[PDB]
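Residue numbers (the authors' numbering), protein chains in the order written: chain P, 2 to 89; chain L, 13 to 129; chain B, 280 to 484, 488 to 519; chain G, 1 to 104; chain V, 2 to 71; chain S, 9 to 75. Ideal Cβ positions, reconstructed from N, Cα and C, are used throughout, including at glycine.
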Amino acid sequence: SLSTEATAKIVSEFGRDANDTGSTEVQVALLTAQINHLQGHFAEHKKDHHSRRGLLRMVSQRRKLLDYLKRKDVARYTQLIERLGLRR
Amino acid sequence: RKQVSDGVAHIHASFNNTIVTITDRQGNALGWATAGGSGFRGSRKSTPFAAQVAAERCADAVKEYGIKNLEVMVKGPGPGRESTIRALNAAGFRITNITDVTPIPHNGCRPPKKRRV
Amino acid sequence: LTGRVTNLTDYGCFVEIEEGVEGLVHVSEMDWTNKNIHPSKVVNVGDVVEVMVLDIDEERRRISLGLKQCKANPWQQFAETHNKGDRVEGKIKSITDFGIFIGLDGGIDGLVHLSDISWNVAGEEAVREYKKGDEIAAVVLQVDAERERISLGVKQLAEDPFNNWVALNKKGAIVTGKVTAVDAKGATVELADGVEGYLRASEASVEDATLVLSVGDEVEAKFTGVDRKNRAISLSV
Amino acid sequence: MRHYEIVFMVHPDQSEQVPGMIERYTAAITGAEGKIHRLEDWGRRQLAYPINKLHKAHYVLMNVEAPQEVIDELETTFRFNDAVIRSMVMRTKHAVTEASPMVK
Amino acid sequence: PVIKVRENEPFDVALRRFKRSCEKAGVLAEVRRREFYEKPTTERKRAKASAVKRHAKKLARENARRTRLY
Amino acid sequence: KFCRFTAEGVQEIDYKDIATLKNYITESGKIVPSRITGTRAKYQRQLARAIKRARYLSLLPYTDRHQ
RNA sequence: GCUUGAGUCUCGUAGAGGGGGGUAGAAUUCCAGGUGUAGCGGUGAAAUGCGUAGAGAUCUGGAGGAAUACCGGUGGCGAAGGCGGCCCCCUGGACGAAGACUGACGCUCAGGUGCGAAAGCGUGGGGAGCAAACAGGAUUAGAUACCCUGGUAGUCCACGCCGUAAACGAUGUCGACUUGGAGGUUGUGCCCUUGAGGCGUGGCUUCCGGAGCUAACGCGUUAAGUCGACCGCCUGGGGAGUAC
RNA sequence: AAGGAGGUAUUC
Ligand SMILES: [Mg+2]
Ligand SMILES: [Mg+2]
Ligand SMILES: [Mg+2]
Ligand SMILES: [Mg+2]
Ligand SMILES: [Mg+2]
Ligand SMILES: [Mg+2]
Ligand SMILES: [Mg+2]
Ligand SMILES: [Mg+2]
Ligand SMILES: [Mg+2]
Ligand SMILES: [Mg+2]
Ligand SMILES: [Mg+2]
Ligand SMILES: [Mg+2]
Ligand SMILES: [Mg+2]
Ligand SMILES: [Mg+2]
Ligand SMILES: [Mg+2]
Ligand SMILES: [Mg+2]
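Here's what the structure looks like:
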């Protein structure tokens with residue numbers, strides 16, 4: 002999965018400080034990074050249904066986090082989806 | 013016709029029959045005897061006594077070579093599988109080593125279907 | 280003498296010749312032509328073998344025995360048959376990072392240094408050209424019967440266009456070539472198939491020859507020197 | 001960097017090339033900025049069963065810290081070289097710097 | 002199950018030693034098992050039944066060391 | 009009983025230690041069950057992997073009659 | 001707003017979880033030789049079959065395909081189907097210890113989408129063993145079967161389709177509460193580790209059993225007990241999971 | 001296959 006160094010880098014970008022590991026923006030960025038990483042894996046392994054089931058949870062969970070964020074703070078939702086290059 | 017005095021007796025002990033073949037260390041056969049060709053058919057062919065008589069015939073149709081020391085290799089879960097070793101020992105042969113050489117696949121080919129008798 | 284094998288080891292065979300007398304037959308003394316036959320396959324423990332006493336160590340109570348002398352050395356057979364410079368065809372037994380071992384007739388393994396296969400192909404295509412078991416013809420460069428090695432060479436089967444190029448163009452000829460590479464230190468100019476000359480920036484025309495020489499330009503430069511070590515023809519305009 | 005334990009068996013007829021093979025492979029890791037943590041030449045050893053009609057293979061053990069790419073090239077070299085009868089490279093979670101039971 | 006015939010031991014001893022060695026290897030049982038093909042469900046089912054009866058026997062045996070049957 | 013490895017707190021069985029593994033393979037060369045030896049389950053799995061790796065390297069024999 | 005539900009991060013652990021690529025040894029089959037000679041094979045008993053053009057047996061070499069003995073375990077992992085040599089690469093989940101962070105972000109889910117044993121279908125490969133159909137020999141009153149000798153599809157690979165099983169724990173998912181015992185497996189804390197000890201505390205799992213429940217059998221903290229949220233389904237047997 | 005012993009089986 003995501004490396005120990007790559008998680009620290011993302012937390013720094015999207016959080017108030019180094020220890021803000023659970024903010025919604027940080028969580029969405031981490032899920033996005035792993036989702037974007039895995040597309041290369043599934044280009045070569047179409048038949049990896051077991052791994053793709055875990056990929057769906059990441060996609061589905063990012064949807065739930067984004068919906069919560071949109072409801073609670075539209076401004077950060079707009080800002081975050083632009084920064085992460087997402088639709089909806 | 014030559015003289016060896018050290019050979020190897022391969023016993024093939026199948027369920028239905030018992031083949032004894034005596035050979036040199038190199039693997040060139042000297043003689044062979046079977047229970048089915050020793051005067052036993054069907055229910056009697058697959059008996060320990062029949063294998064003993066097969067061992068007698070093989071030890072009698074090979075002593076032109078003057079074998080004195082013998083090595084015994086048993087293969088298969090046959091009926092006799094043992095009377096052959098005893099018969100060889102009694103026929104005037106020194107048994108040096110006994111080895112079980114029954115082939116065991118390490119989970120290879122699929123065996124035939126079970127008999128629904 | 281005739282003796283009975285008492286013990287067989289991978290480094291030698293113990294043959295009891297007399298009561299209480301065991302001589303050691305080296306596996307190197309077991310066969311001239313196939314140095315790589317394990318004793319377990321030629322002789323069994325208890326076999327009666329005719330062995331010749333080569334050396335007796337009274338002090339250490341060990342007799343070096345020869346089965347070697349009953350058979351025939353293929354190295355002498357090779358030296359009588361093949362003079363220095365003989366062309367021998369043989370099968371590639373194995374490919375190694377340093378060279379090819381080639382089995383010749385008589386069970387001899389010849390070693391070809393990889394440096395003699397081609398003057399112009401670095402490293403990777405030479406390994407793909409030869410498959411294990413392929414038949415290759417090489418000329419016997421040197422037979423060392425003392426170390427039991429034959430050095431074989433492929434260089435004598437080809438004819439270097441480099442050598443023909445240098446012989447055709449005497450020192451001082453002006454030669455025209457197309458620039459294949461341009462460096463800050465000089466330009467690499469191909470003058471013939473496999474024959475490349477080097478025209479230095481200080482002799483190309488300015489601190490950088492790239493302002494004067496483009497990749498692919500034809501440059502007329504004088505053949506001033508040949509570097510036989512690097513195949514580098516030093517050129518000057 | 002991933003840590004790999006590399007055991008390969010060289011044909012006994014090339015026991016004289018074992019120093020050269022060790023130097024060549026060692027440089028091919030050190031040049032790729034990896035480390036070498038253990039080098040053991042167990043030497044000529046009797047085989048439990050014949051491998052390619054041989055007994056008495058030469059054993060070399062290497063414990064290495066190197067990236068996956070250079071190790072990949074190393075394994076391909078083993079395949080192409082016909083002096084190594086067998087080779088096994090295993091991933092290890094941490095380095096080792098102790099004599100093997102074979103040396104002891 | 003290789004057997005080397007030692008000196009001074011009778012051939013009966015040699016035959017006894019070989020028989021015990023084969024039994025320890027369990028070759029005959031393996032051959033009898035491999036005579037016919039047993040479906041994975043059957044092999045899986047048979048293994049389960051042995052465990053169930055074996056466990057029941059232990060617990061029943063445990064009760065016998067307690068219940069006054071005398 | 010008396011699982012030997014857990015007594016010494018061995019982290020990993022280390023296939024290279026042939027002297028130890030000879031205890032856990034039979035005369036024919038197949039592995040002895042943990043029920044007989046007394047080894048714990050976790051060490052048993054490590055022991056099986058170690059023996060299988062040793063067989064591949066020909067430190068140990070698969071069967072008694074390879075040749 | 002809050003931190004107790006749900007998540008995130010830090011360190012580890014166990015595992016036949018998945019996909020791709022290598023490789024190892026045993027064994028079966030066929031082929032090429034050496035030895036050797038008259039049987040082999042099969043059955044309750046036989047015959048069909050193979051064999052003097054040399055079988056079977058034995059030794060050596062080679063080719064190929066498939067599966068991975070022992071370990072192996074009411075052991076493990078996975079949502080289920082299922083997953084078992086070894087090694088590498090890519091990858092999913094679960095659990096534990098301590099701490100920090102977000103601040104209800106949750107549960108269930110019609111339709112929808114996906115996965116889904118075996119058999120089967122399509123295109124193209126592969127084919128050692130096994131084996132529907134089929135051929136033959138027997139048994140039988142008959143034998144379109146059971147048994148024997150052969151044997152095609154198929155089983156294997158790649159890519160699509162199919163979408164069903166006693167797909168079963170015949171037990172929908174999520175949460176809370178309610179006496180005990182013996183174990184298995186995997187973490188972790190403490191004490192004298194005196195020497196594999198003792199004492200706690202998490203996860204998953206097998207058996208027994210109390211109250212209670214049940215028509216009874218039985219279930220019994222992993223409930224079929226006490227409750228709460230949401231969903232699927234039942235309405236006598238046949239006709240019929242059939243017709244349109 | 002038949003008979004005796006030990007255990008859930010071994011530390012030894
Ligand atoms: Mg994740
Ligand atoms: Mg049959
Ligand atoms: Mg058949
Ligand atoms: Mg589970
Ligand atoms: Mg639906
Ligand atoms: Mg199918
Ligand atoms: Mg098909
Ligand atoms: Mg087809
Ligand atoms: Mg049939
Ligand atoms: Mg249904
Ligand atoms: Mg099922
Ligand atoms: Mg069920
Ligand atoms: Mg149902
Ligand atoms: Mg109960
Ligand atoms: Mg219908
Ligand atoms: Mg139906």
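Would you check if the distance between the CB atom of residue i and the CB atom of residue j is smaller than 8 Å?
i: residue 467/B; j: residue 459/B; result: yes
i: residue 431/B; j: residue 391/B; result: yes
i: residue 8/G; j: residue 91/G; result: no
i: residue 59/L; j: residue 88/L; result: no
i: residue 70/G; j: residue 36/G; result: no
i: residue 48/L; j: residue 34/L; result: no
i: residue 357/B; j: residue 316/B; result: no
i: residue 48/G; j: residue 68/S; result: yes
i: residue 480/B; j: residue 498/B; result: no
i: residue 58/S; j: residue 23/S; result: yes
i: residue 399/B; j: residue 473/B; result: yes
i: residue 4/L; j: residue 39/L; result: What is shown of chain L runs 13 to 129, which leaves residue 4/L out entirely.
i: residue 364/B; j: residue 383/B; result: no
i: residue 376/B; j: residue 21/G; result: yes
i: residue 40/G; j: residue 89/G; result: no
i: residue 75/S; j: residue 12/G; result: no
Could you tell me the alpha carbon to alpha carbon distance between residue i and residue j, rounded to whole angstroms?
i: residue 27/G; j: residue 374/B; result: 21 Å
i: residue 24/P; j: residue 41/P; result: 27 Å
i: residue 86/P; j: residue 45/P; result: 24 Å
i: residue 34/S; j: residue 30/P; result: 56 Å
i: residue 71/S; j: residue 38/S; result: 7 Å
i: residue 334/B; j: residue 352/B; result: 19 Å
i: residue 92/L; j: residue 53/G; result: 36 Å
i: residue 96/G; j: residue 42/S; result: 29 Å
i: residue 23/V; j: residue 66/G; result: 49 Å
i: residue 16/S; j: residue 51/S; result: 12 Å
i: residue 320/B; j: residue 111/L; result: 20 Å
i: residue 79/L; j: residue 290/B; result: 32 Å
i: residue 8/V; j: residue 20/S; result: 44 Å
i: residue 452/B; j: residue 513/B; result: 17 Å
i: residue 57/G; j: residue 507/B; result: 51 Å
i: residue 75/G; j: residue 61/G; result: 14 Å
i: residue 63/P; j: residue 73/P; result: 15 Å
i: residue 36/S; j: residue 100/G; result: 26 Å
i: residue 76/P; j: residue 33/P; result: 19 Å
i: residue 31/L; j: residue 104/L; result: 20 Å
Would you mind giving the Cβ-Cβ distance between residue i and residue j, rounded to the nearest angstrom? I have them listed as a contact below 8 Å.
i: residue 293/B; j: residue 285/B; result: 5 Å
i: residue 97/L; j: residue 16/V; result: 7 Å
i: residue 66/P; j: residue 78/P; result: Contact doesn't hold; Cβ gap of about 10 Å is too wide.
i: residue 5/P; j: residue 12/P; result: No, residue 5/P and residue 12/P are not in contact; Cβ-Cβ is about 11 Å, not under 8 Å.
i: residue 517/B; j: residue 504/B; result: 6 Å
i: residue 14/V; j: residue 107/L; result: With a Cβ gap of about 12 Å, residue 14/V and residue 107/L do not count as contacting.
i: residue 304/B; j: residue 346/B; result: 6 Å
i: residue 402/B; j: residue 371/B; result: Residue 402/B to residue 371/B, Cβ: 18 Å. No contact.
*4 or more residues per run - each alpha helix (DSSP H) lying fully within the region 352-438 of chain B*: 353-360, 404-408
_Within the region 13-64 of chain G, ranges of the beta strand (DSSP E) (whole runs, at least 3 residues)_ = 35-45
*Quick one: which unbroken alpha helix (DSSP H) runs of 4-plus residues sit fully inside the region 302-342 of chain B? Chain order, please.*
318-321
*Pocket of ligand 2 (residues with CB nearer than 7 Å to any heavy atom), chain order*: Cβ atoms closer than 7 Å to ligand 2 belong to 124/L, 127/L.
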